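Single-structure report; data block below.
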Amino acid sequence: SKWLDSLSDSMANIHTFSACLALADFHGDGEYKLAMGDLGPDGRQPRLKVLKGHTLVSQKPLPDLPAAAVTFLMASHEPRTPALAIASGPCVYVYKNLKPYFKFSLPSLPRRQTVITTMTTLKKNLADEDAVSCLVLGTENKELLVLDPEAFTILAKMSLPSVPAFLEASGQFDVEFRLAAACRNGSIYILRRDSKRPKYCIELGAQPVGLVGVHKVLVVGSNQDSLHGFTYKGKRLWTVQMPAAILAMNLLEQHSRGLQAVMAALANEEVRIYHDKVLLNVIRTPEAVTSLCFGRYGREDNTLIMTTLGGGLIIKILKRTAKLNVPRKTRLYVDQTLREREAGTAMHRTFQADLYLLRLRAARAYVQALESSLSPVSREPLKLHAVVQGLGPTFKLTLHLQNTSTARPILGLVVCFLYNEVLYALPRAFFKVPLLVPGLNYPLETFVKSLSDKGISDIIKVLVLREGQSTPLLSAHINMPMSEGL
Amino acid sequence: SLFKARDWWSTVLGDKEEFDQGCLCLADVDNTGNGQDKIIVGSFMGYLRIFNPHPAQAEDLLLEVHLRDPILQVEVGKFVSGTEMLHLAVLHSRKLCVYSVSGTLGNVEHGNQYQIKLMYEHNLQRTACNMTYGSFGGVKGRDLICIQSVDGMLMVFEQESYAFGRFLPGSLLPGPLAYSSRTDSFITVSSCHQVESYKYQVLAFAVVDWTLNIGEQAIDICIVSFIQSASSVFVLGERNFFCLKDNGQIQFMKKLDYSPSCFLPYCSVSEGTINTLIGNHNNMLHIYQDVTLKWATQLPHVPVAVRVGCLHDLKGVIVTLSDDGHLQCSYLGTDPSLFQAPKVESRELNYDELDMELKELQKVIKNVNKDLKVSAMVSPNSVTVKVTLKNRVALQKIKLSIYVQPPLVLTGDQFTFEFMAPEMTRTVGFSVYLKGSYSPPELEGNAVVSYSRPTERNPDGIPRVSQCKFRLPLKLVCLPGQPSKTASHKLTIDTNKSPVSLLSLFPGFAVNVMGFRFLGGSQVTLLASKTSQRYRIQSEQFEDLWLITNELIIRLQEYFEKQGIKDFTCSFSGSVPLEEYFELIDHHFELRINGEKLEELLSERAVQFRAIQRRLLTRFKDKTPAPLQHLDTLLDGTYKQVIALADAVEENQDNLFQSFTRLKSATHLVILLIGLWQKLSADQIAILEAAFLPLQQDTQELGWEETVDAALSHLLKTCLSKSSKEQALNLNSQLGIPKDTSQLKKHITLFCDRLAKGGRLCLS
Amino acid sequence: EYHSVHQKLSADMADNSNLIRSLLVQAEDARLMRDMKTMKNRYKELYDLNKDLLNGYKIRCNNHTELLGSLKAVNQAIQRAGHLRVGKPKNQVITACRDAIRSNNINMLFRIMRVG
C-alpha cells in the first residue's frame, strides 16, 4: 500500500486516452482542473469533459472525435491562463478559459480531407515550465508539422516514411529538437534539424502501443507485451517483459524525489515495471485501466488520474512519504523383484503363452467384425459415427460421415436404418448420400421418435453401403436412450 | 485361503427343507458333563436332528427324529422342575414339547443309541412365533420360558405349568423377543420401530418400563450375559446394528451398508468391549469389536443362524445353518496365498491346433484388403404397385420399405417378414397417389429390403440390403389441357430424325400440339416442329419443363427402339439457361436466411421467457406475499410472441421445402440440358447427378448450397482448373451456411463454360 | 389449521415449480431441434401451469396474511396480559404464557393470564 485512493468510480462513462487527457488551470486563480477530450461510448458523442475535484461540471460537445487534447503555455513574458488545443480532423480548436475561442485548419494541398492524429509540445529557450512551448503534430497524409507555440504560422514541415501513431519531443527549438515519431509501420523515426529525409529509423519488430521519454534513454512499449529501452542514437539498450498486455503508458514525474519512471497500464489490472535499482510502479485496480495522467490535480502535486475499460474513473494520490520427486519403493516392490529374480522363466513362458492366446482371440474378434461389417472406420475410405441429441420422445440422430482420402470423391452411397418398427418411427430410413468431398464432415440428420408408451429403449443400426453392391461398407450402432416423454 | 470360511464337519440337511432362526441350537443336550457341544437342528417339516461331529461320516448324526408338525424353535435349558439337567424344548405353532435326549452306549461305537423321551407337553391355544427362556425373576436352577404368539401375546410357562399370558400393548406383527437378567426384563421390537422393555413383575401382575425409537424393525435381539461387568442389549435391525444400555439409550450403533441375516455376540477379548458376529445376505461374516470390523470372511451360504461352540477338542468353531439345509462347522482361513500363475508342466500349449486356427483367421484378415431378388411392377390402371421378392436361402428379419417422393404418398410404407423359408416368394401390394399441389421432382420410386443371412460366425446373420426401382406413370400427376401459345420460359430439343406425331408418344393425352395440366395447376405446352426435326417445350415456370422434357425424351427413345431405328440424338443446340435457374437458387437461399433469422428471434424470445419464468418461480418459493402482476403480464406477452414466432418458423419450413422440391426439378432439367449440350456419357451424367442433387431436404446443419458448392469446387479443382492460385483462393470447399449465393453461381457458370471448352469430368 | 394449509400449499407449489423447470428444459430441447409442435405444446403446458400456480399463490398469500394476523393476535394477547401487572409479575406472566403456548397447554395459558 503506497497510494491514497481519492476517488475510484465504477459506473460513470469516460472513454479517453492518455494523449487526450490533459490537466491545467485553463481559467486561472491557481487551482488545477482536468480536461479530457473523449469520444464517449463510441464515435457518436465526443464531448470535452472538465473535472474539478470529484464530480463532473461541464461537457462541451465536439464536432468529431478528438485525436488529442494538449495543454501548453502561450505567454513567455508574464504567463497568462493557458488554453487547451484539441484536434479533430483537419481542425485544431484553441480553447481559452475552456470556452470555444479559436479554430485553425490544415493547409489543403492537392476535396481531399486530411486528419491530425497526434499532438505534442516542445520548449523554446530555457527548458522550464514558465517558458513557452512549440507545437508538434502528425497527419495521416505523411507529414509532421512543428508549429509556433501559438499556432498561427507553419514553422517546420517534415516528411515521414509512414503514417505516424505516437509523438514525443525533447530539446530546445533553436539549439536542437529531437522528434521521436513512433509510426504504425512497426518502427520509430527520430527527426532532427535540417532533415530533407528523417535519416534516422529504428526497428522494434511491431507496432508500438506508446512511448515515454526519460532524460537520456527513450522507452517504447511493444504490442507484444514488453518494454524496450533504447537510446536516441539507435542502439537497443535493455528489454523487459510484462505479465499482461500493455494498454497505455505515460511519463510519471516527481520533482521532490527525482524518480522518473514509466506508468505502464496492463490488462491484468496492474501497473508494473522494474526500474534501475528500486521496485516501484506496482499498483492494482479493479478493472483494466486504459488511460493515465500523473499530474498536479486540485492543489496537490502528486495526483494520478486513470480511466479504465468500462468507463469509470480512478484517482490515486501519491503520499510524499514515498530435490527430485523420484518415487518411494516399498517392501512390495522388493519382494516382487525377488520373486522375479528367482522364477523369471515361468513368468516369461506364461506371458508368451498368454500373448499368443491374446493375438489369437483378437484376430478372431477382428475377423468376426470384418465378417459382420460392424466396424465404423473400415480403398473405400470412409468413417461414420452417430450422435443422439434430445431427451424427449423425439431425438435428432445426426450421422457424421466423412470420406478420408487424399483426393477422390465417393459417388454411390446410401444409408439404411435397421430399427424396431414398433418402438421407433423414422420418416426416412433409406436415403442417398451426397458426393463426399475428401476431407469434409457431412452431418446427415434424422428424427427418431420413441413410440413406446412406456420407457423402452432399443438399438438402432446404420448401414452405409454402395447402391450396386449389397454388403454394408460399414455399420454404426446407437443405443437409443430412454424415452422420458409422453 | 485368506478371508474364507475354511470348512470343517459340514453336511446338507435334507431334501428341499426349510429352517429359520431358533432352529439351530448348540449345547450339551446329552448332559455328558464334559464340555463339548452337540448341533441341534429343528425344521419346518419336523426333522429334529441332533449331531455330534467327530471329524462327513455316519457316527455324527445322534438322531434324526421326525415329529408330525413343523419345528419353529429349539432351545436347551433346565426345562424340568426337579432335576438341574439340560433338556430340549421344541416349539411348534400350537405345541410346546420338552424332551430328554438320553443316550445309552453299545459295545461298539456304532452300536450306541439315543432316544428323545417326551418329558412333558403343553397345548397352545394360540399360534406361536418364537420364544425365549431364562430365570424369570431371580429364581435359581430354573429356565422357565415365555412364548410369543403371532398375535402379540406373551404366554409365560414356568416349567411344566402354564403360568399366565399377557397381551403385549400395541403390536400387529410379531418381533424378536429377548430376556435380560441384569434388569429382569422382557425386550421386544414392536412394529412401530419401538424397542420396548417391560419388567417381568409388571407383566406377572397385569406397564412398559422403557422404550426407544430405533429407526427400523429388528430381525434378532441378543441380550448377551457372558460378561457381567456391564449388561448390554444388542439389536440387529433390518438396516442397522445397535448396542443399548440397560437404562434404554444407545450405547453405540453402526449403520450397516448391507442386509444382515443373523448376528451373535460371542465372548469378548478386550476390556469392556464385546466381539460380535454378523452375517450378510451376501453370505459373508463380519467380526466386529464394538463397531470396529476386526475380520470379514466369505461364508458358503447365507446363514440363517450362527453359533460359536466347542466341538470335539476345538474352541470357537463357527456353526452356520441356512434355510436350504446347509449346516456347516468352520474356522477362519488365515493363509495369504501367493499370487502366482501355476507352474504346471503337463498343461502346455497345443500349438498345432491353435496355429491352424490362427493361420485361418490371419488369412481372412489379409484377404479382406485385396441372394434376394426384388422386382416392382406398376399396373397400367392412385396407381397400384406390387413388389415381388424371392430368395434362395432361409432368410430372416426381412423388412421392405418404399420411398417415392415428398409430394407423392403411399398407402402402405413398411412390410415386415420375420422368416421366409428357402426358395419362396412374397408379394406386397401398395398404391401411390399425389397429395399436394406442386409436381414431384421425379416419378421414380424405390423399394428397399433389408434382411439377415444366418452364418457360422454369427447366428444372427450378416445384415444385407438390396433395392429395386420402379417408374410411376405420368398420368398420375397430369392430365391433358388447353395448349397455350406464348409462354414465358421455353427450351427446344432438336433431334436427328423425322418429327414424330405427338399423339403417338402420349396417347392418353388427347392434336399434334399438346398441352398438359398437372394436379396443382401448372401447365406445359409441347410443340412438334413441322419444318425442323425438333420439338419445343414451354411454360411460365422453369421447373415444370423438366417432367414433360424427361417424358418427351424417354418416350422418343422407346418409340424409336420399338420401331427398329437405332440412330437417334437430342442435341439441344443453344445455351444452358443458367439465368432462370439462378432465380430458384436465390429464392431457396432467401428462404434459408429468413429461417435462420426467425430461429435467432425465437432463441431470444425463449431466453427472455425463461428469465421471467425463473423470476416468477423465485416469487413462488418465498413465503411472504408480494405483488407480481407486472411479471405475469410480461410473461403473457413474451409467450404470445413465442407462439407467433413458432408458427412463423413452421410456415418458413414449409415454404423452404416447397422451394427445395421445385429446385430439385430445376436442377434435374439443367443436368439433362448440360448432358445433351456436351454429349456427356452415363458416368459423366452420374457425377453431375451426384454433385448437383445431393440431399432430400434442408436441415439445420446441412443444406443444398453448401453441399453442391463443395462438390463443384472439388470437381473444378481436381478436374478442370490448372492454376494453383485459383485452386486455393476462389475454389474453396466449406460446409457452413454461406453469406450469399455469389460463389455458387460463379462456380456453376464456370463449370458450364469450362465444360464448353473441352474439359471433361473425372473423380481422382 | 393455518399452519397445515400453508404446508400443503407449499408442497403443491414446489411440485408445480419442479414441473415448470422440467418443462423449461424440455422446451429448450424441442426448440434446439426446431421441432415446433412439441415446443408449442411445452409452452402451452407452461402457460397452464403458470395460471394454476398463480391461483395457488393468491390463496397461499391470503392464508399467510391471515396467519400473520393470528400470530400478532396471540403475541399481543400475551403482552396485554403481562401489561396488566406491574413489576416482577410482568415477565413472570410473559414467560409463563410463552411456555404454556409452546406446549399447547391453552388452559394453563388462560389460567396464568387470569390469576397468575
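Following the order of the C-alpha cells, chains are lettered A, B, ..., residues in each are numbered from 1, and ligands are numbered from 1.
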Exercise for the section: Using only C-alpha atoms, find which residues of chain A lie within 6 Å of chain B and jot them down as a VMD selection string. Expected result: chain A and resid 360 372 407 to 408 434 to 435 470 to 471
Practice task
Pick out the residues sitting within 8 Å of residue 28 (chain C), and hand them over as a PyMOL selection string; count only C-alpha atoms, and ignore anything fewer than 3 positions along from it in its own chain.
Solution key: (chain B and resi 606) or (chain C and resi 24-25+31-32+39)
Output N, CA, C and O atoms for every residue in the selection just made, as a compact mmCIF listing (two decimals), in the first residue's frame.
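result08.txt, written as the output of this step:
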# COMPACT_ATOMS: atom_id res chain seq x y z
N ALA B 606 -37.20 -17.11 -26.29
CA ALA B 606 -37.19 -18.21 -25.33
C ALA B 606 -36.32 -17.88 -24.13
O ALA B 606 -36.68 -18.19 -22.99
N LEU C 24 -39.41 -26.14 -18.87
CA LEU C 24 -38.48 -25.19 -19.47
C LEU C 24 -37.35 -25.91 -20.17
O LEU C 24 -36.99 -25.59 -21.31
N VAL C 25 -36.77 -26.92 -19.51
CA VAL C 25 -35.69 -27.69 -20.13
C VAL C 25 -36.19 -28.40 -21.39
O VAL C 25 -35.54 -28.38 -22.44
N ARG C 31 -36.84 -26.80 -28.96
CA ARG C 31 -36.50 -25.65 -29.78
C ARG C 31 -35.11 -25.76 -30.39
O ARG C 31 -34.86 -25.20 -31.46
N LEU C 32 -34.20 -26.49 -29.73
CA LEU C 32 -32.87 -26.68 -30.29
C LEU C 32 -32.87 -27.61 -31.50
O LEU C 32 -31.93 -27.56 -32.30
N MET C 39 -42.52 -28.09 -29.09
CA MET C 39 -42.16 -26.86 -28.39
C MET C 39 -43.40 -26.06 -28.03
O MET C 39 -43.54 -25.57 -26.89
Mind running region 247-300 of chain A against region 199-209 of chain A at 9 Å and telling me each contacting residue's nearest atom pair with the distance in Å (one decimal), counting only C-alpha atoms, chain and number ascending, as CSV?
residue,atom,partner,partner_atom,distance
A:247,CA,A:209,CA,7.0
A:248,CA,A:209,CA,6.5
A:249,CA,A:209,CA,8.0
Restricting it to N, CA, C and O atoms, dump the selection as a CSV table (one decimal), in the first residue's frame.
chain,number,residue,atom,x,y,z
A,247,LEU,N,-1.8,-1.6,-22.2
A,247,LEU,CA,-2.9,-0.8,-22.7
A,247,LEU,C,-2.4,0.6,-23.1
A,247,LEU,O,-2.6,1.1,-24.2
A,248,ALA,N,-1.8,1.3,-22.1
A,248,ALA,CA,-1.3,2.6,-22.4
A,248,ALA,C,-0.2,3.0,-21.3
A,248,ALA,O,-0.2,2.4,-20.2
A,249,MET,N,0.6,4.0,-21.7
A,249,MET,CA,1.7,4.4,-20.8
A,249,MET,C,1.7,5.9,-20.8
A,249,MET,O,1.1,6.6,-21.6
At a cut-off of 7 Å, can you tabulate as a Markdown table every residue of chain C near chain B together with its closest atom pair and the distance in Å to one decimal, using only C-alpha atoms and ordering rows by chain then number?
| residue | atom | partner | partner_atom | distance |
| --- | --- | --- | --- | --- |
| C:17 | CA | B:617 | CA | 6.5 |
| C:24 | CA | B:610 | CA | 7.0 |
| C:36 | CA | B:646 | CA | 6.0 |
| C:40 | CA | B:643 | CA | 6.7 |
| C:57 | CA | B:620 | CA | 6.6 |
| C:61 | CA | B:625 | CA | 5.0 |
Those same residues, written as a PDB file, in the first residue's frame with N, CA and C atoms?
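Now in part_36.pdb:
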ATOM      1  N   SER C  17     -43.586 -26.133  -9.356  1.00  0.00           N
ATOM      2  CA  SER C  17     -42.376 -25.436  -9.772  1.00  0.00           C
ATOM      3  C   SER C  17     -41.366 -26.401 -10.379  1.00  0.00           C
ATOM      4  N   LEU C  24     -39.413 -26.144 -18.874  1.00  0.00           N
ATOM      5  CA  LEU C  24     -38.483 -25.189 -19.468  1.00  0.00           C
ATOM      6  C   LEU C  24     -37.345 -25.914 -20.172  1.00  0.00           C
ATOM      7  N   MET C  36     -41.353 -27.753 -33.712  1.00  0.00           N
ATOM      8  CA  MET C  36     -42.202 -26.674 -33.230  1.00  0.00           C
ATOM      9  C   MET C  36     -43.527 -27.150 -32.656  1.00  0.00           C
ATOM     10  N   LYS C  40     -44.337 -25.919 -28.969  1.00  0.00           N
ATOM     11  CA  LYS C  40     -45.562 -25.190 -28.690  1.00  0.00           C
ATOM     12  C   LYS C  40     -46.407 -25.899 -27.641  1.00  0.00           C
ATOM     13  N   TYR C  57     -50.680 -19.195  -5.584  1.00  0.00           N
ATOM     14  CA  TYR C  57     -50.011 -18.093  -4.908  1.00  0.00           C
ATOM     15  C   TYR C  57     -51.016 -17.171  -4.240  1.00  0.00           C
ATOM     16  N   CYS C  61     -50.918 -16.696  -0.212  1.00  0.00           N
ATOM     17  CA  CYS C  61     -50.641 -15.407   0.412  1.00  0.00           C
ATOM     18  C   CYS C  61     -51.819 -14.928   1.247  1.00  0.00           C
TER      19      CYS C  61
END
Exercise for the section: Kindly determine which residues of chain A lie within 9 Å of chain C, considering only C-alpha atoms, and give the answer as a ChimeraX atom specification. Expected result: /A:389-392,394-396
Residues within 6 Å of residue 381 (chain A), please, as a PDB file with N, CA, C and O atoms, in the first residue's frame. Count only C-alpha atoms; anything in the same chain fewer than 2 positions from it doesn't count.
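File written: selection_26.pdb
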ATOM      1  N   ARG A 379      -8.778 -48.824 -50.002  1.00  0.00           N
ATOM      2  CA  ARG A 379      -9.894 -48.458 -50.864  1.00  0.00           C
ATOM      3  C   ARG A 379     -11.185 -48.339 -50.066  1.00  0.00           C
ATOM      4  O   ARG A 379     -11.289 -48.872 -48.961  1.00  0.00           O
ATOM      5  N   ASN A 403     -15.427 -38.856 -45.767  1.00  0.00           N
ATOM      6  CA  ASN A 403     -14.544 -39.542 -46.695  1.00  0.00           C
ATOM      7  C   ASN A 403     -13.115 -39.133 -46.374  1.00  0.00           C
ATOM      8  O   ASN A 403     -12.766 -37.953 -46.475  1.00  0.00           O
ATOM      9  N   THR A 404     -12.292 -40.100 -45.988  1.00  0.00           N
ATOM     10  CA  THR A 404     -10.938 -39.841 -45.511  1.00  0.00           C
ATOM     11  C   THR A 404      -9.957 -40.353 -46.559  1.00  0.00           C
ATOM     12  O   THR A 404      -9.446 -41.467 -46.456  1.00  0.00           O
TER      13      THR A 404
END
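Coordinates place CA of residue 557 (chain B) at a distance of 25.6 Å from CA of residue 522 (chain B).
Atom pair CA of residue 241 (chain B) / CA of residue 275 (chain B): separated by 13.1 Å.
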Show me, as a tab-separated table, the residues of region 240-289 of chain A having an atom within 9 Å of region 294-308 of chain A, each with the closest atom pair and its distance in Å, using only C-alpha atoms.
residue	atom	partner	partner_atom	distance
A:250	CA	A:294	CA	7.9
A:251	CA	A:294	CA	7.5
A:252	CA	A:294	CA	5.8
A:253	CA	A:294	CA	7.3
A:254	CA	A:302	CA	7.2
A:263	CA	A:294	CA	8.7
A:287	CA	A:308	CA	6.2
A:288	CA	A:308	CA	5.5
A:289	CA	A:308	CA	3.7
Practice task
Write out as a PyMOL selection string the residues lying within 8 Å of residue 660 (chain B), counting only C-alpha atoms and excluding same-chain residues fewer than 2 positions away.
Solution key: chain B and resi 588+656-658+662-664+697-698
Handout entry: Close residues, region 91-95 of chain C itself excluded, 12 Å, only C-alpha atoms, min 2 positions apart in chain, as a PyMOL selection string
Key = chain C and resi 74-89+97-102+108-116
Once you have the residues from the selection above, write them out as a PDB file, in the first residue's frame, restricted to C-alpha atoms.
ATOM      1  CA  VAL C  74     -51.608 -14.203  20.149  1.00  0.00           C
ATOM      2  CA  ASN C  75     -48.480 -12.177  20.923  1.00  0.00           C
ATOM      3  CA  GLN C  76     -50.456  -9.004  21.627  1.00  0.00           C
ATOM      4  CA  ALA C  77     -52.716 -11.014  23.935  1.00  0.00           C
ATOM      5  CA  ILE C  78     -49.741 -12.291  25.927  1.00  0.00           C
ATOM      6  CA  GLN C  79     -48.488  -8.703  26.090  1.00  0.00           C
ATOM      7  CA  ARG C  80     -51.889  -7.393  27.173  1.00  0.00           C
ATOM      8  CA  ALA C  81     -51.913  -9.969  29.963  1.00  0.00           C
ATOM      9  CA  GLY C  82     -48.416  -9.044  31.119  1.00  0.00           C
ATOM     10  CA  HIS C  83     -49.014  -5.290  30.810  1.00  0.00           C
ATOM     11  CA  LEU C  84     -51.860  -5.559  33.327  1.00  0.00           C
ATOM     12  CA  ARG C  85     -49.412  -6.287  36.181  1.00  0.00           C
ATOM     13  CA  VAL C  86     -46.657  -4.001  37.460  1.00  0.00           C
ATOM     14  CA  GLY C  87     -43.145  -5.157  38.240  1.00  0.00           C
ATOM     15  CA  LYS C  88     -41.722  -8.661  38.583  1.00  0.00           C
ATOM     16  CA  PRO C  89     -45.077 -10.347  37.803  1.00  0.00           C
ATOM     17  CA  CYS C  97     -47.739 -17.804  28.803  1.00  0.00           C
ATOM     18  CA  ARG C  98     -44.926 -18.462  26.329  1.00  0.00           C
ATOM     19  CA  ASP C  99     -44.228 -21.837  27.934  1.00  0.00           C
ATOM     20  CA  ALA C 100     -47.968 -22.581  28.085  1.00  0.00           C
ATOM     21  CA  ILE C 101     -48.256 -21.929  24.342  1.00  0.00           C
ATOM     22  CA  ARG C 102     -45.061 -23.740  23.289  1.00  0.00           C
ATOM     23  CA  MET C 108     -52.841 -23.264  31.574  1.00  0.00           C
ATOM     24  CA  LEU C 109     -52.297 -20.182  29.408  1.00  0.00           C
ATOM     25  CA  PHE C 110     -55.695 -18.798  30.370  1.00  0.00           C
ATOM     26  CA  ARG C 111     -55.186 -19.853  33.992  1.00  0.00           C
ATOM     27  CA  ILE C 112     -51.940 -17.879  34.229  1.00  0.00           C
ATOM     28  CA  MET C 113     -53.496 -14.938  32.372  1.00  0.00           C
ATOM     29  CA  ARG C 114     -56.459 -14.870  34.762  1.00  0.00           C
ATOM     30  CA  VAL C 115     -54.868 -15.006  38.233  1.00  0.00           C
ATOM     31  CA  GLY C 116     -51.219 -15.990  37.793  1.00  0.00           C
TER      32      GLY C 116
END
Exercise for the section: Kindly indicate which residue among B:217, B:132, B:115, B:102 lies nearest to residue 185 (chain B), using only C-alpha atoms for the distances. Expected result: B:132
Handout entry: Exercise: residue 196 (chain A) partners within 12 Å, only C-alpha atoms, chain neighbours under 5 positions left out, as a list in words
Key = residues 156, 157, 158, 159, 160, 161 and 191 of chain A
If you keep C-alpha atoms, can you produce a file of those selected residues as a short mmCIF file (atom, residue, chain, number, x, y, z; two decimals), in the first residue's frame?
data_model
loop_
_atom_site.label_atom_id
_atom_site.label_comp_id
_atom_site.auth_asym_id
_atom_site.auth_seq_id
_atom_site.Cartn_x
_atom_site.Cartn_y
_atom_site.Cartn_z
CA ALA A 156 8.77 23.26 -39.87
CA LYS A 157 7.20 20.78 -42.27
CA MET A 158 8.72 17.30 -42.19
CA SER A 159 8.26 14.17 -44.28
CA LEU A 160 7.62 10.78 -42.72
CA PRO A 161 8.29 7.40 -44.38
CA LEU A 191 13.72 13.62 -36.77
#
Exercise for the section: Enumerate, as a ChimeraX atom specification, the complete set of residues in region 196-433 of chain A that a backbone-based DSSP assignment places in alpha helix (DSSP H). Expected result: /A:331-342,344-372
